[PDB]
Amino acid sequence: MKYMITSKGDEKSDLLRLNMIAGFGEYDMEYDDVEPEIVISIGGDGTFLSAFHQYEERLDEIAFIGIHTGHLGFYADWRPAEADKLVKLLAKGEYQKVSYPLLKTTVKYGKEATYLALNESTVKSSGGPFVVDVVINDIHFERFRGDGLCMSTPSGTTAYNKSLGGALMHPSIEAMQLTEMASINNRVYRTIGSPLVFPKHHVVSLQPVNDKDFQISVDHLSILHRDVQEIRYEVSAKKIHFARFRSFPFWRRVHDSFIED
């Protein structure tokens, strides 16, 4: 069917992409990067994240596949050597689709902007000290003082979330996880410290205390927002769909990426 292929842009990924396109030419497959049904990412996790964001408005009509030519490649399912095997199996179809949860960030001013995240959404201050009130389903939970905050999807829990001390959570769990970056904790200022895991339909809201300017980074795209009144996090109703042709369990993916391989 309709497919497209994105490349990291080095020689290896570009040539692999040309060879897969040439192989797709022997099947009833049309190359279409406007309305693809299959999106192939050849590169690292950064390349995969770019592919997700390139098509985030057609998520329910698209199944993604990652081929890793990069370094780690956590979202990848294939090594370059199996590209010919992938072309053939994809050609037929009849694959299984697996869905992972996504995170919605809403930013309100004084106007709303919404963003979708596959890994995480973080917030830091523009220059001065970061201070926000943390409100959970409209109840004031804590005042946070420190470097910033990170809200992660389940599949994002192995990325920045992990380096901040968060728990790794299986992507079948519809949740988001809030982790702290370096908070002040003394006699006057206290935070919960621990990561927090929220289910679907819980809303986490960050309200400015003094400074209203923040740097909000969604999957490593960092944007300065001015005159912010509220940042709201919630599990998205939208999901990313993966094309799976063979069992590669999450916990094996975790083992291969962090323990040994």
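Residues carry their position along the shown sequence, with the first being 1. Between two forms, the rigid core is defined as the largest C-alpha subset superposing within 1.5 Å.
Rigid core superposition result in 6 other deposited structures of this protein, more deviant of 5-13, 247-255 by Cα:
The answer is 247-255, which departs more from the shown form in 6 other deposited structures of this protein.
Report the stretch with the higher root mean square CA deviation, pooled over structures and residues in 6 other deposited structures of this protein, choosing between 180-188 and 167-175 after a rigid core fit.
Relative to the shown form, the greater RMS C-alpha distance in 6 other deposited structures of this protein belongs to 180-188.
Cross-entry absence of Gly110, a third or more of other PDB entries:
It is, since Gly110 is left out of at least a third of the other entries that model both flanking stretches.
Please establish whether a third or more of the other compared PDB entries omit coordinates for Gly43.
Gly43: modelled in every other compared entry.
Report, from the record, the number of residues in the deposited sequence between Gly110 and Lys111 that have no coordinates, as none, 1 to 3, 4 to 9, or 10 or more.
Missing residues, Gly110 to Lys111: 1 to 3.
Select between 249-257 and 21-29 the stretch whose C-alpha atoms have the higher average B-factor in the entry.
Per the PDB record, 21-29.
Out of 44-52 and 66-74, which stretch has the higher average CA B-factor listed in the record?
Stretch with the higher mean C-alpha B-factor: 66-74.
Selection by C-alpha B-factor (highest) of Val39, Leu196, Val34, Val204
Each of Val39, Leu196, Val34, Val204 was compared by C-alpha B-factor; the highest is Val34.
Reading the B-factor column of the entry, which of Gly165, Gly146, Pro171, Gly93 has the highest value at its C-alpha atom?
Within the set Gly165, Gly146, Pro171, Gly93, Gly93 shows the top C-alpha B-factor.
Assigned third (lowest, middle, highest) for the C-alpha B factor of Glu142:
Lowest third.
Quick one: classify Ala81 as lowest, middle or highest third of the chain based on its Cα B-factor.
Highest third, going by the recorded CA B-factors of the chain.
B-factor third for the C-alpha atom of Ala175 within its chain:
According to the entry, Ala175 has a C-alpha B-factor in the chain's lowest third.
Third of the chain, ranked by Cα B-factor, where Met151 sits:
Bottom third by C-alpha B-factor.
Ranked by Cα temperature factor within the chain, is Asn185 in the lowest third, the middle third or the highest third?
Middle third by C-alpha B-factor.
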